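Everything below concerns the one structure shown next.
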Amino acid sequence: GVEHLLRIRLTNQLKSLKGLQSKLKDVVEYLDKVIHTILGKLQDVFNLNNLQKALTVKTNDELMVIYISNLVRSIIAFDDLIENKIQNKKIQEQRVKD
Amino acid sequence: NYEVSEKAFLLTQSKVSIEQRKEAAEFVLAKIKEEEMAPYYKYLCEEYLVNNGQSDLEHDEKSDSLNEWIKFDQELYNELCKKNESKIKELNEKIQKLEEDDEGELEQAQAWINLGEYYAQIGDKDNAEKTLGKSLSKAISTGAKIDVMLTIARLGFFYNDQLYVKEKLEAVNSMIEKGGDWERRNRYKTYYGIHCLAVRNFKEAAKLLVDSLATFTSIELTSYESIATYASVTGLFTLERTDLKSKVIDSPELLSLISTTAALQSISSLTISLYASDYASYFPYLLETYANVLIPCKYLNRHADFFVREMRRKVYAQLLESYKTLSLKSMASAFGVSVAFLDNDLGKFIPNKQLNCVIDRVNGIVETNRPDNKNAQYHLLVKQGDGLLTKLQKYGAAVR
């Protein structure tokens, strides 16, 4: 019934901004009311993206595998297009002889 | 006709054991007189042109052979033409009876089968191939079709034909259904293995030669000791140390060859020294094998010294994995290698990335580099990928 009425990362990055703006307003409003569970879990986020740079040496290990998988992926794509060119070339010969 | 092509090649270029030319020259003179082939006595003039150890003395006094006269004359030529004209008269008398009879497709093809043997034994090559094509279409089954390929392979091994013989070789193989036929298997694996020799495939050479059905030994083209000769040479490349102790050293076909033919010695001196990885014993057996194996064989001496470079590359990799750091003088007093000439021997590999050996010129020690990694393996895809994209752009722009 929903389909009758009605008829990736880019959206996720916009969702991350919503969670960050909630923490920004929570710290500003906390200082105006002063000068516990949030501050306990906040320091654990920073210590668990400056820390991701230590694994960058080991991160590129599996990154080039994607390009290697994409290299053979693009080569196979030619076999689909070239075969269509050969198929269309045979269609042209059938129209001239007809 | 194995000794016919063998003794004819010994008279081409021989730098070792010139006494074998006498037994080779005396054999080819007595063989042609006892056979019907006219031109093969004349071909000795053109085939030996521009070769070391000339077997012909006319205008060239540099001939080192013991028998210096191969010269063609009309005395022997006229006698061989009499046997050719007398035999064709008997065959044409039978063929004329077959043409008037025409019983089945076997007798019609047998007329060309007797010719296919006749034109092959009188010295005709292209004229024999024209007669074999007629008997191929008139054959009643695949039994008479493979006999046509046998004559094609006979004229192809003497004249080194890699095109017409290879095409008809796979034609009998494919046909309609291959099956477990002995004739289409035993003969194919041996002949196609000979074609892989000249082109040096080494991928199918180890499987179709080192591993043979039983003895082969048709005696018409190649012999028993010849198949085992190339097996020892080709078995040192594709076959690793796992198969050397199974299909080479422990092979039952090579156990009785030591006590039979002692002139080879390529299944013992070369195999034991490589399996034990001892350079002291392996070095003096290189020239002893090079003289009595590579030189006399027709499909070897064409390359020769290149095999010495490749066979020595195998023993350098055996020692490289046995140590990390080693002094240069250690292998000198043990394995009997010259320190001054060691840099020149390893200088044909290391800069070409054939070996990981690294020698320190300061303290005179040799090191070991990384034998394999991920970076060196991706370099093969670069050259293979870039070479493939050339055909896509070439054939893509050609069709428009």
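In the structure tokens, each chain is lettered A, B, ... as it comes, each chain's residues begin at 1, and ligands are numbered from 1 in order of appearance.
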
Inset, instruction - Tell me the residues of chain B close to chain A, meaning within 10 Å using only C-alpha atoms, as a ChimeraX atom specification. - result: /B:378,381,385,388-389,392,395-396,399-400

Which polymer residues have any atom within 12 Å of an atom of residue 360 of chain B, counting only C-alpha atoms, with same-chain residues fewer than 3 positions away left out, as a PDB file with N, CA, C and O atoms, in the first residue's frame?
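In the end it all went to out_20.pdb:
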```pdb
ATOM      1  N   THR B 325      73.538 -14.576   4.778  1.00  0.00           N
ATOM      2  CA  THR B 325      74.839 -13.940   4.624  1.00  0.00           C
ATOM      3  C   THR B 325      75.918 -15.012   4.540  1.00  0.00           C
ATOM      4  O   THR B 325      75.969 -15.916   5.381  1.00  0.00           O
ATOM      5  N   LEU B 326      76.773 -14.911   3.524  1.00  0.00           N
ATOM      6  CA  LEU B 326      77.834 -15.882   3.306  1.00  0.00           C
ATOM      7  C   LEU B 326      79.027 -15.188   2.665  1.00  0.00           C
ATOM      8  O   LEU B 326      78.867 -14.266   1.861  1.00  0.00           O
ATOM      9  N   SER B 327      80.223 -15.635   3.034  1.00  0.00           N
ATOM     10  CA  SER B 327      81.439 -15.109   2.438  1.00  0.00           C
ATOM     11  C   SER B 327      81.638 -15.679   1.036  1.00  0.00           C
ATOM     12  O   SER B 327      81.150 -16.762   0.699  1.00  0.00           O
ATOM     13  N   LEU B 328      82.370 -14.929   0.211  1.00  0.00           N
ATOM     14  CA  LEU B 328      82.622 -15.370  -1.157  1.00  0.00           C
ATOM     15  C   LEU B 328      83.655 -16.490  -1.198  1.00  0.00           C
ATOM     16  O   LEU B 328      83.563 -17.396  -2.033  1.00  0.00           O
ATOM     17  N   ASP B 343      81.607 -12.680 -10.102  1.00  0.00           N
ATOM     18  CA  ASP B 343      80.818 -11.479 -10.355  1.00  0.00           C
ATOM     19  C   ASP B 343      80.326 -11.432 -11.796  1.00  0.00           C
ATOM     20  O   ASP B 343      79.212 -10.965 -12.063  1.00  0.00           O
ATOM     21  N   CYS B 357      70.342 -12.459  -5.416  1.00  0.00           N
ATOM     22  CA  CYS B 357      71.652 -12.418  -4.779  1.00  0.00           C
ATOM     23  C   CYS B 357      72.184 -10.991  -4.721  1.00  0.00           C
ATOM     24  O   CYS B 357      72.044 -10.221  -5.675  1.00  0.00           O
ATOM     25  N   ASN B 363      83.377  -6.145   2.217  1.00  0.00           N
ATOM     26  CA  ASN B 363      83.858  -7.279   2.993  1.00  0.00           C
ATOM     27  C   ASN B 363      83.881  -8.581   2.205  1.00  0.00           C
ATOM     28  O   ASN B 363      84.389  -9.585   2.714  1.00  0.00           O
ATOM     29  N   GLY B 364      83.348  -8.593   0.986  1.00  0.00           N
ATOM     30  CA  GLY B 364      83.340  -9.799   0.181  1.00  0.00           C
ATOM     31  C   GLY B 364      82.365 -10.847   0.679  1.00  0.00           C
ATOM     32  O   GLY B 364      82.722 -12.020   0.819  1.00  0.00           O
ATOM     33  N   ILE B 365      81.129 -10.434   0.953  1.00  0.00           N
ATOM     34  CA  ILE B 365      80.084 -11.333   1.423  1.00  0.00           C
ATOM     35  C   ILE B 365      78.865 -11.181   0.527  1.00  0.00           C
ATOM     36  O   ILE B 365      78.645 -10.129  -0.083  1.00  0.00           O
ATOM     37  N   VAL B 366      78.068 -12.244   0.447  1.00  0.00           N
ATOM     38  CA  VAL B 366      76.853 -12.267  -0.360  1.00  0.00           C
ATOM     39  C   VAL B 366      75.647 -12.268   0.570  1.00  0.00           C
ATOM     40  O   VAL B 366      75.653 -12.927   1.617  1.00  0.00           O
ATOM     41  N   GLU B 367      74.621 -11.510   0.194  1.00  0.00           N
ATOM     42  CA  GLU B 367      73.382 -11.397   0.948  1.00  0.00           C
ATOM     43  C   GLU B 367      72.228 -11.975   0.135  1.00  0.00           C
ATOM     44  O   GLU B 367      72.410 -12.504  -0.966  1.00  0.00           O
ATOM     45  N   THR B 368      71.024 -11.869   0.692  1.00  0.00           N
ATOM     46  CA  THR B 368      69.814 -12.376   0.057  1.00  0.00           C
ATOM     47  C   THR B 368      68.737 -11.305   0.111  1.00  0.00           C
ATOM     48  O   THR B 368      68.474 -10.738   1.175  1.00  0.00           O
TER      49      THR B 368
END
```

Legend entry - Selected residue of minimal separation from residue 347 of chain B among B:152, B:124, B:176, B:309, counting only C-alpha atoms: B:309

Sort by chain and increasing residue number a table of all residues of segment 76-156 of chain B within 10 Å of segment 187-191 of chain B, each with its closest pair of atoms and their distance in Å to one decimal, counting only C-alpha atoms, and write it as CSV.
```
residue,atom,partner,partner_atom,distance
B:146,CA,B:187,CA,9.3
B:149,CA,B:187,CA,9.9
B:150,CA,B:187,CA,8.8
B:153,CA,B:191,CA,7.7
```

Legend entry - Neighbour list for segment 67-80 of chain B as a ChimeraX atom specification, cut-off 9 Å, only C-alpha atoms, skip fewer than 2 positions in-chain: /B:21-22,25-26,29,32-33,35-39,41-45,54-58,63-65,82-85,122

Inset, instruction - Please identify all polymer residues within 12 Å of residue 161 of chain B, counting only C-alpha atoms, omitting same-chain residues fewer than 4 positions from it, and present them as JSON, numbers by chain. - result: {"B": [125, 126, 152, 153, 154, 155, 156, 157, 165, 166, 167, 168, 169, 194, 195, 198, 199]}

Selection above as a file: C-alpha atoms, as a PDB file, in the first residue's frame:
```
ATOM      1  CA  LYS B 125      57.664 -32.926 -50.323  1.00  0.00           C
ATOM      2  CA  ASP B 126      54.928 -30.780 -51.902  1.00  0.00           C
ATOM      3  CA  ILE B 152      53.045 -35.246 -42.971  1.00  0.00           C
ATOM      4  CA  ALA B 153      54.954 -35.402 -39.681  1.00  0.00           C
ATOM      5  CA  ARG B 154      57.748 -37.332 -41.413  1.00  0.00           C
ATOM      6  CA  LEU B 155      58.377 -34.628 -44.018  1.00  0.00           C
ATOM      7  CA  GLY B 156      57.796 -31.958 -41.367  1.00  0.00           C
ATOM      8  CA  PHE B 157      60.523 -33.084 -38.972  1.00  0.00           C
ATOM      9  CA  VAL B 165      52.265 -29.959 -39.965  1.00  0.00           C
ATOM     10  CA  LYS B 166      50.907 -28.232 -36.851  1.00  0.00           C
ATOM     11  CA  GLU B 167      47.611 -27.425 -38.589  1.00  0.00           C
ATOM     12  CA  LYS B 168      47.058 -31.032 -39.685  1.00  0.00           C
ATOM     13  CA  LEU B 169      48.203 -32.231 -36.248  1.00  0.00           C
ATOM     14  CA  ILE B 194      58.392 -32.284 -30.551  1.00  0.00           C
ATOM     15  CA  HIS B 195      56.709 -29.162 -31.936  1.00  0.00           C
ATOM     16  CA  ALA B 198      61.503 -25.957 -31.399  1.00  0.00           C
ATOM     17  CA  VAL B 199      59.275 -23.170 -30.070  1.00  0.00           C
TER      18      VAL B 199
END
```

Legend entry - Separation of atom CA of residue 289 of chain B from atom CA of residue 230 of chain B in Å: 12.1 Å

Inset, instruction - Identify, on the basis of only C-alpha atoms, every residue whose closest approach to segment 39-52 of chain A does not exceed 10 Å; exclude the query and any residue fewer than 4 positions from it along the same chain; express the result as an NGL selection string. - result: :A and (23 or 27 or 56 or 59)

For those residues, write N, CA and C atoms to a file as a compact mmCIF listing (two decimals), in the first residue's frame.
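File written: result.txt
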```txt
# COMPACT_ATOMS: atom_id res chain seq x y z
N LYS A 23 25.52 18.21 19.97
CA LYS A 23 26.54 18.29 21.01
C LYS A 23 27.12 19.70 21.14
N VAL A 27 26.98 21.90 24.86
CA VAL A 27 28.11 22.43 25.61
C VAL A 27 27.95 23.92 25.86
N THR A 56 46.83 4.39 8.65
CA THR A 56 46.82 4.75 7.23
C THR A 56 47.83 3.93 6.44
N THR A 59 46.01 0.98 5.99
CA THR A 59 44.72 1.21 5.35
C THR A 59 44.83 1.07 3.83
```

Legend entry - Interatomic distance (Å, one decimal) between atom CA of residue 259 of chain B and atom CA of residue 318 of chain B: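 Atom CA of residue 318 of chain B lies at a distance of 29.3 Å from atom CA of residue 259 of chain B.
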
Inset, instruction - For residue 232 of chain B, please output as a PyMOL selection string all residues within 12 Å (counting only C-alpha atoms; exclusion window: fewer than 2 positions along the same chain). - result: chain B and resi 205-206+209-211+225-230+234-239+244+247-249+251+254+257+264-272+274+289+293-294+311

Could you save the residues just selected, with N, CA and C atoms, as a short mmCIF file (atom, residue, chain, number, x, y, z; two decimals), in the first residue's frame?
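What landed in part_14.cif:
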```cif
data_model
loop_
_atom_site.label_atom_id
_atom_site.label_comp_id
_atom_site.auth_asym_id
_atom_site.auth_seq_id
_atom_site.Cartn_x
_atom_site.Cartn_y
_atom_site.Cartn_z
N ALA B 205 55.90 -29.28 -22.53
CA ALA B 205 57.05 -30.13 -22.83
C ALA B 205 57.36 -31.07 -21.67
N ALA B 206 57.19 -30.60 -20.43
CA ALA B 206 57.47 -31.46 -19.28
C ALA B 206 56.42 -32.55 -19.13
N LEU B 209 56.62 -35.16 -22.46
CA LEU B 209 57.90 -35.81 -22.73
C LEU B 209 58.42 -36.56 -21.51
N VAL B 210 58.69 -35.86 -20.40
CA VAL B 210 59.12 -36.53 -19.18
C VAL B 210 58.12 -37.61 -18.78
N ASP B 211 56.83 -37.34 -18.97
CA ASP B 211 55.78 -38.32 -18.74
C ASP B 211 55.33 -38.83 -20.10
N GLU B 225 65.84 -43.77 -26.80
CA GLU B 225 66.81 -42.96 -26.05
C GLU B 225 66.69 -41.48 -26.36
N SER B 226 66.06 -41.11 -27.48
CA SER B 226 65.88 -39.70 -27.80
C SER B 226 64.79 -39.07 -26.94
N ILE B 227 63.69 -39.80 -26.71
CA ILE B 227 62.61 -39.28 -25.88
C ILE B 227 63.10 -39.06 -24.45
N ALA B 228 63.88 -40.01 -23.93
CA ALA B 228 64.46 -39.86 -22.60
C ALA B 228 65.55 -38.80 -22.56
N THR B 229 66.14 -38.47 -23.71
CA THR B 229 67.18 -37.44 -23.75
C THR B 229 66.58 -36.06 -23.52
N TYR B 230 65.53 -35.71 -24.26
CA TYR B 230 64.88 -34.42 -24.07
C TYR B 230 64.11 -34.35 -22.75
N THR B 234 64.30 -31.01 -20.58
CA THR B 234 63.08 -30.25 -20.34
C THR B 234 62.54 -30.42 -18.93
N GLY B 235 62.91 -31.50 -18.24
CA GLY B 235 62.45 -31.72 -16.89
C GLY B 235 63.10 -30.87 -15.83
N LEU B 236 64.10 -30.06 -16.19
CA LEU B 236 64.81 -29.21 -15.25
C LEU B 236 64.25 -27.80 -15.19
N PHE B 237 63.19 -27.50 -15.94
CA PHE B 237 62.62 -26.16 -16.00
C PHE B 237 61.25 -26.11 -15.34
N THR B 238 60.23 -26.71 -15.96
CA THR B 238 58.88 -26.63 -15.41
C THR B 238 58.74 -27.48 -14.15
N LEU B 239 59.29 -28.69 -14.17
CA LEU B 239 59.17 -29.58 -13.02
C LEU B 239 60.02 -29.06 -11.87
N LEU B 244 60.88 -33.88 -9.31
CA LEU B 244 62.18 -34.46 -9.63
C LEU B 244 62.41 -35.77 -8.88
N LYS B 247 58.81 -38.25 -10.89
CA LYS B 247 58.78 -38.58 -12.30
C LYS B 247 60.15 -38.50 -12.97
N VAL B 248 61.21 -38.23 -12.21
CA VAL B 248 62.55 -38.11 -12.79
C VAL B 248 63.48 -39.13 -12.14
N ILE B 249 63.77 -38.94 -10.85
CA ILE B 249 64.71 -39.83 -10.17
C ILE B 249 64.08 -41.19 -9.93
N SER B 251 61.37 -42.36 -11.37
CA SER B 251 60.61 -42.85 -12.51
C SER B 251 61.13 -44.22 -12.92
N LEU B 254 63.28 -44.51 -16.26
CA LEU B 254 64.65 -44.02 -16.25
C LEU B 254 65.58 -44.85 -15.38
N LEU B 257 67.56 -47.18 -17.87
CA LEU B 257 68.33 -46.48 -18.90
C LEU B 257 69.80 -46.35 -18.52
N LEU B 264 74.42 -41.13 -22.37
CA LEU B 264 73.60 -39.96 -22.01
C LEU B 264 74.09 -39.35 -20.70
N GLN B 265 73.87 -40.06 -19.59
CA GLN B 265 74.27 -39.65 -18.25
C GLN B 265 73.65 -38.32 -17.84
N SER B 266 72.53 -37.94 -18.44
CA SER B 266 71.82 -36.73 -18.05
C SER B 266 70.75 -36.99 -17.00
N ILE B 267 70.43 -38.25 -16.71
CA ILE B 267 69.45 -38.60 -15.69
C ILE B 267 70.09 -38.92 -14.35
N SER B 268 71.42 -38.88 -14.27
CA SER B 268 72.13 -39.20 -13.04
C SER B 268 73.03 -38.06 -12.58
N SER B 269 74.03 -37.69 -13.38
CA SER B 269 74.95 -36.63 -12.97
C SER B 269 74.22 -35.30 -12.78
N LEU B 270 73.25 -35.00 -13.63
CA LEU B 270 72.52 -33.75 -13.52
C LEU B 270 71.46 -33.81 -12.42
N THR B 271 70.80 -34.96 -12.27
CA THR B 271 69.71 -35.06 -11.30
C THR B 271 70.22 -35.16 -9.87
N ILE B 272 71.27 -35.94 -9.64
CA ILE B 272 71.79 -36.10 -8.29
C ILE B 272 72.43 -34.81 -7.80
N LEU B 274 71.68 -31.77 -8.70
CA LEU B 274 70.66 -30.75 -8.45
C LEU B 274 69.82 -31.08 -7.22
N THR B 289 77.76 -32.93 -20.32
CA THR B 289 76.43 -33.09 -20.89
C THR B 289 76.25 -32.22 -22.14
N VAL B 293 75.04 -34.28 -25.51
CA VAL B 293 73.58 -34.21 -25.52
C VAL B 293 73.12 -33.04 -26.39
N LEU B 294 73.48 -31.82 -25.99
CA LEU B 294 72.98 -30.64 -26.69
C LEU B 294 73.51 -30.56 -28.11
N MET B 311 70.40 -23.47 -17.17
CA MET B 311 70.62 -24.55 -16.21
C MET B 311 71.41 -24.09 -15.00
#
```
